[PDB]
Student: 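I'd like to ask some things about the structure below.
Along the sequence shown, the residues carry numbers beginning at 1.
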Amino acid sequence: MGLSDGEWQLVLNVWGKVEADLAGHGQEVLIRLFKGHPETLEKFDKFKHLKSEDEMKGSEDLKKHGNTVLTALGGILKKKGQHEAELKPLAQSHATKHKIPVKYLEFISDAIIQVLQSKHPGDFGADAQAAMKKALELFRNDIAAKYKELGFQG
Ligand code: HEM
């Protein structure tokens, strides 16, 4: 249940393209998630209302959360699987006061794939797509183990 060195290299090679504009990519990832799975909006404080006023795009809340989610994820991916230090607190924040089911982590993983396919088709071929899916699977499987310890079924 790990990635090979070459799988990690594929992941970090395409992540280079995301690092050029973390905030723009992160906002896009969340929009993708909310369009494909609008039920995920219920987990935030401000996006349902912004959406109700046709104001999600360019909002301060989308900017803040877009930066947060991909800044954090990039730090985790660069650990290449040795990420317990990051995932213990991250699981706690997504399993306690805010309860984020694993299916929603699955959905944002799919959203990341779709955004990268759309924005960087020439840098996101078959092997890179498979490796990124596998990294994101590892990412939520290790979160899910911590969910179990935390008493959250996911
Ligand atoms: C790639 C997956 C994700 C990453 C890396 C991530 C990252 C973060 C980070 C860094 C925080 C700040 C607290 C902390 O630093 O531990 C946070 C909080 C939070 N996350 Fe996530 N998150 C992810 C997925 C999700 C998803 C899919 C949802 C909801 C559908 C979600 C909902 C929230 C909420 C509601 C908070 C609390 C924010 C607040 O109090 O306004 N997260 N997340």
Student: For residues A23 and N67, report the shortest heavy-atom separation together with the two atoms involved.
Tutor: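 Heavy atoms only, the tightest pair is CB-ND2, 3.6 Å.
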Student: Could you check whether atom NZ of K134 has more than 12 heavy atoms from other residues, nucleotides or ligands sitting under 6.0 Å from it?
Tutor: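 More than 12 heavy atoms, drawn from other residues, nucleotides or ligands, come within 6.0 Å of this atom.
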Student: Examine distances only and state if a side-chain atom of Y147 and a backbone atom of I100 form a donor-acceptor pair shorter than 3.5 Å.
Tutor: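 Yes, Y147 side chain to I100 backbone: donor-acceptor pair under 3.5 Å.
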Student: Assert yes or no for the condition that the ring centre distance of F107 to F34 is strictly below 6.0 Å.
Tutor: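 No, the ring of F107 stays outside the 6.0 Å limit from the ring of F34, centre to centre.
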Student: Are more than 12 heavy atoms, taken from residues, nucleotides or ligands other than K48, located less than 6.0 Å from that residue's NZ atom?
Tutor: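 Atom NZ in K48 is not packed in, count stays at 12 or less.
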Student: For the pair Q9 (side chain) and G6 (backbone), establish whether a donor and an acceptor sit closer than 3.5 Å, ignoring hydrogens and angles.
Tutor: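 No, the answer is negative, given that no donor and acceptor are paired below the 3.5 Å cut-off.
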Student: Roughly how far, to the nearest 0.5 Å, is CZ of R32 from CG of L116?
Tutor: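 Rounded to the nearest 0.5 Å, the CG-CZ separation comes out at 12.5 Å.
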Student: Provide the closest heavy-atom pair for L50 versus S59 in the form atom of the first, atom of the second, distance.
Tutor: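 For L50 versus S59, the nearest heavy atoms are CD1-OG, 3.7 Å.
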Student: For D127, does the CG atom sit with more than 12 other heavy atoms under 6.0 Å from it, leaving out its own atoms?
Tutor: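 12 or below, so no.
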Student: Ignoring hydrogens, what is the shortest heavy-atom contact between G66 and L30? Give both atom names and the distance.
Tutor: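 Answer, listing the atom of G66 first, then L30: N-CD1, 3.6 Å.
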Student: One pair to check against side-chain contact (heavy atoms from CB on, under 4.5 Å): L10 and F124. What are the steps and the verdict?
Tutor: CA-CA 9 Å; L10 285 163; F124 200 41; over 6 Å; no
Student: Say you draw a straight line from NZ of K103 to CG of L105; how long is it, rounded to the nearest 0.5 Å?
Tutor: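 Here the interatomic distance stands at 10.5 Å.
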Student: State whether a side-chain donor-acceptor pair under 3.5 Å links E137 with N141.
Tutor: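 No, because no side-chain N or O of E137 sits under 3.5 Å from a partner of the opposite role on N141.
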Student: For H65 together with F44, are the ring centres under 6.0 Å from each other?
Tutor: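 Centroid separation for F44 and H65: below 6.0 Å.
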Student: With heavy-atom distances below 4.5 Å as the criterion, would you say the side chains of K133 and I113 are in contact?
Tutor: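 Of all side-chain heavy-atom pairs linking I113 with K133, at least one is under 4.5 Å.
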Student: Going by side chain to side chain donor-acceptor pair (under 3.5 Å), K146 matches just one of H94, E84, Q92. Which one?
Tutor: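 It is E84; the other options fail the test.
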Student: State whether the number of non-hydrogen atoms from other residues, nucleotides or ligands found under 6.0 Å of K35 atom NZ is greater than 12.
Tutor: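 Open.
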Student: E28 vs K119, test: salt bridge (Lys or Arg N to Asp or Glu O under 4.0 Å). Steps then yes/no.
Tutor: CA-CA 10 Å; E28 175 43 27; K119 289 183 68 68; over 6 Å; no
Student: Quick one: CG on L73 to OG1 on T68, what's the gap to the nearest 0.5 Å?
Tutor: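 The distance works out to 12.5 Å.
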Student: If you take all heavy atoms of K99 and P101, which pair is closest and at what distance?
Tutor: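 Taking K99 first and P101 second, the nearest heavy atoms are O-CD, 3.5 Å.
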Student: What is the minimum heavy-atom distance between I143 and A91, and which atoms define it?
Tutor: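 Shortest heavy-atom contact: CD1-N, 3.7 Å.
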Student: Is there a donor-acceptor contact under 3.5 Å from the side chain of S118 to the main chain of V115?
Tutor: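 Pair absent, no side-chain N/O of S118 close to backbone of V115.
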Student: Which distance, rounded to the nearest 0.5 Å, do you find between the NZ of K79 and the CZ of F139?
Tutor: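 The distance works out to 12.5 Å.
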Student: Does the distance from a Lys or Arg side-chain N to an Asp or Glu carboxylate O, for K46 and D61, drop under 4.0 Å?
Tutor: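 No, no charged N to carboxylate O under 4.0 Å.
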Student: For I76 and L87: C-alpha separation, side-chain torsions, deciding distance, then whether side-chain contact (heavy atoms from CB on, under 4.5 Å) applies.
Tutor: CA-CA 8 Å; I76 292 157; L87 296 198; 3.8 Å; yes
Student: With rounding to the nearest 0.5 Å, note down the distance linking CH2 in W8 to NZ in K78.
Tutor: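 Interatomic distance, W8 CH2 to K78 NZ, rounded to 0.5 Å: 12.5 Å.
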Student: Which distance, rounded to the nearest 0.5 Å, do you find between the CG of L12 and the CD of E19?
Tutor: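 Atom-to-atom, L12:CG and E19:CD are 8.0 Å apart.
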Student: Do the side chain of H37 and the main chain of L33 share a donor and acceptor less than 3.5 angstrom apart?
Tutor: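 A pair under 3.5 Å: no.
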Student: Would you say that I108 contacts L136 through its side chain, given a criterion of any heavy-atom pair below 4.5 Å between the two side chains?
Tutor: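 Side-chain contact under 4.5 Å: no.
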Student: Would you name the heavy atoms of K51 and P38 that are closest together and state the gap between them?
Tutor: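 It is NZ-CB, 3.8 Å.
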Student: For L138 and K80, what are the C-alpha separation, side-chain angles and deciding distance, and is it a side-chain contact (heavy atoms from CB on, under 4.5 Å)?
Tutor: CA-CA 10 Å; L138 175 66; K80 295 191 301 173; over 6 Å; no
